[PDB]
Each structure stands twice: as C-alpha cells, then as structure tokens.
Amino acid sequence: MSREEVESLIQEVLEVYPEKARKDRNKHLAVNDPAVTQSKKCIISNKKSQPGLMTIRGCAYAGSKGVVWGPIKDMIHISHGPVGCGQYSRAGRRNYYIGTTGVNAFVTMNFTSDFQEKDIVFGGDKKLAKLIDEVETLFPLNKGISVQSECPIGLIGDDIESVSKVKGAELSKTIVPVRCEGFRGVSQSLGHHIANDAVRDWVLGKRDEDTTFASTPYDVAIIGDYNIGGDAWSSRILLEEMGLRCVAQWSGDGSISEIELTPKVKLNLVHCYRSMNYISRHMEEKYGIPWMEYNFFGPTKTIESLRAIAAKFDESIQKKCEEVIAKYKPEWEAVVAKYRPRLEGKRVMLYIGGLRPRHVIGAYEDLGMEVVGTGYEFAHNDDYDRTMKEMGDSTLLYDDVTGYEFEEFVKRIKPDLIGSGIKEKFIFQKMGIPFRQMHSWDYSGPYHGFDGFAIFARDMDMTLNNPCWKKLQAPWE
C-alpha cells in the first residue's frame, strides 16, 4: 500500500467514531516516514485511553507487580487489596526462574490481603501488619516483602509506608511499599516508573556503605530482561562467553541480593528501555555507572550489540566477542538456510507493549519477512523516535490501538502473520490469519540471543505455514 492509501484507510476507519473520539484517535495513528526524527511531529502517545473503545492496555499494578517486582524470586510480593488482581495475574507472565517454590522462591504464588468490606470501611493497615507476621511465620526463607497496592489502597487513605517502615524495623526485613494503584497513570507504564522509584528508595542503596564485594573491570548488569521463557539466560550466556561477569538480572530470575549488588557494576546493559530507563538514569547520576541500550533479537542485532558492548571494555573482551560471533555463525546460518526460504517475503503486523514492537523487527528481517504495521500499548514518544527509523516507509503505526481499529486495519492490509497478545490471538485466527503471541511466546521460547533465534524461526514457520490455514473455507462454499 502507498502512503495515500494508508492515510485513506485511517480516515475510513475513524468514520465510525463520535467526534471527540475521532479527533483523539487521529492523533494516535500515523504513516511512517523514516526521515522524521521527532515523532512528536507525527504521533501522540502516553495519553489516557478513550472510554468504551476496547483498549488492550492494562494498569499501573500490572506494570509494577506483574512486570517489575513479581519476577524477583526470593521476595514475597503482596497483592494488597481485593482478590481479583492477584488472581488474574497469578503465573500469567512467563518470567522464568530457578528456585524451590513455596520455600525459597515465590514467583508463581499469589499472596493477597483479600480485602473485604470491613477493610475498605476501616482501612487495611492493621491487616497488613498482621499479614506480614503471618508471612514471616509461614515463609521464613523469604528475603524481603513488597506491598503492591491495588486500586482501593490510596483511595481509602491507608498508609502502607508507615506499616512498611515500622514492620521492616521491627523484623530487620526489607519491606517495600509500592503505590502502584491501577487508578494511577494511563497504562502499565506509570507502574514501571513507580516500581523503579520503589527499588531506588527502599532496596538499591542498602549496600552503599559496604566495601566487601570484590568487583572486576568486566562487571555488568542486564537491566530490563524479564526472562520470558528463559530469554535472559540465553542472553547472559553470550555476555559471559564474551568474558563479562553478569552480576545482576533485572528482574527475570532476579534475586534481592543481585539488585543490591548492581551499584558495584561497571556498565548497565539496558534491553527494555521503557521499563527500566528510570533506574538506569538514577544509577548514572548517583554511582557514575554508564548505561547503553542493546538488542538481542536475531543474529544481525545480537552481533551488533555484542560488538558495541565489547567496545566499552578492552581488547581482550573485543577478541572474545569475535570468538563468540565465530562460534555461533554456523548455528544461525543453518537456521536462516532452513527457515528463510519458508518465510521470505511474508508480511507481519505487530502490536505489543513498550519495546518489542520495534525490537523484534531485525529478527523478522533476518528471515526475509517485512513488518508492515506496528504499534504499542503504552510507549512514549522516545520509543516512537526509536521506531520510525526501524520501520519501512509508508508502513502503519498505531498507538493504544482500539480493537475495532486493529481488526479493520488487518482486514485491509491482509498480513500473512500477526504478532500480538492473548486478547488478540483468537480474533485473528478465526479470520484465517496465522497468529503468534509476542508477549508469552505462545508458551515457547526463549527468543533472545542466538539460541532464541532458532526457536523464533521454528515458531514463525510452524504457525505461518501450518496446514490448518488452508482449511477455513468449507469446500461446498
């Protein structure tokens, strides 16, 4: 499709809306121009969703509890408020870890204060204090507690900070209050920021005056990898084959001690910019630790990233970098040789959260595929700035896409594959469009790194080329 055709498509879709929604949505839809450097000339983002339009977005509690805190394995995270939020988010996100669940690790469990009417009427702070004691009794190997506020906490005027300070002092325990109520912000995004500031204020400085950890010049942290299907492990392996020491993973398979040790590293490696840029900037300000963005999706981006990272160190790391690249060359080349002919020329539309809608484009291109549309639930304009140069000319961009818009765009554009989430998957399959989950990896993965690219390729092929897709039309018409 040409620019003019995509613009026409946008106008046609917007016709269904009442005027206020139409005028708003027009600002969140654009036709890409890779020359443009300032996306605030092209698209508005990180605004409230329009009522009634079936946004795909979540809330700040999802961004804090579900995304940043929840993966930290040796802490207990309390979903504080009524029972719903913790139950729907229990083990939904595949932030993998090694541990003994219920004993020294707690990720897939749902701890909650299960608010009842009396807690709403009279407040939940006494409940919370009693709950903390019960956690200590029944889960003695926990290494800290977080309190993930749900909608009612701030609305009723509870003071979880006081409970956290008092109990944390009484028990000599890190207890982190997190004001991630879902009424805050407009999406998951503000939950990330809130969560980063809670790490800063309650965890990260614990060892500021401790000189016992033996640092090395090659110490790094992986910042913003939540280890979906093991993604962070298949990244870490490469960083360490290159001669680095990965002191911490934030927060997939993450432990509280590795967070506390992070201020000792030489370089913060940021994968998810959206969720962790806040704490990365903080660490540069306070500890002088530099940070850099990287991308481990597909061989082109992974090789480029390994080289750029190695260039921050000495010649010995650069030499190991080239060794790593040479080791994996035949492996990814064999993946390309097998799968690229099966996928060449196929067109994909993506819709994901805050990073992957741009970050996976190189991996698709490594299989000869074209990303013809992409968009994000909760990105900011700094993410769109990074996106416009990664997307082709005249491709479609959508911020906080409505269900209606996404369906209508797909009907016109007729992509060969869609990559999005669980609320989208079954719609597009019934339309006869191969669909891959690009949050949960459709229970597959990892997708990061060289070992991840093999699985990614296998998965796009198994789905796009599956025999089921030729069968949707009954042969009697």
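Sequential numbering from 1, following the sequence displayed.
Which of 175 to 183 and 282 to 290 has higher mean CA B factor, as the PDB entry lists it: Going by the record's values, the stretch with the higher mean is 282 to 290.
Decide which of the stretches 465 to 473 and 451 to 459 has the higher mean C-alpha B-factor, going by the entry. Per the deposited B-factors, the answer is 465 to 473.
Between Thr112, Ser215, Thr108, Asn104, let me know which has the highest C-alpha B-factor in the entry? When the deposited C-alpha B-factors of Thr112, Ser215, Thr108, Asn104 are compared, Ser215 is largest.
Out of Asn196, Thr137, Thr374, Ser257, which one has a C-alpha B factor higher than all the others in the entry? Highest C-alpha B-factor among the listed residues goes to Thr137.
Relative to the other modelled residues in the chain, which third contains the C-alpha temperature factor of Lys65: lowest, middle or highest? Lowest third of the chain for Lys65's C-alpha B-factor.
Check where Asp366 lands among this chain's C-alpha B-factors and tell me if it's the lowest, middle or highest third. Answer is middle: the recorded C-alpha B-factor places it there.
By its CA B factor, does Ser420 count among the lowest, middle or highest third of the modelled residues in the chain? It falls in the bottom third of the chain.
Using the temperature factors of the C-alpha atoms in this entry, rank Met388 within its chain: lowest, middle or highest third. Highest third of the chain for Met388's C-alpha B-factor.
Going by the CA temperature factor in the PDB record, which third of the chain does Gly403 belong to: lowest, middle or highest? Within its chain, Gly403 is a middle-third residue by C-alpha B-factor, going by the deposited values.
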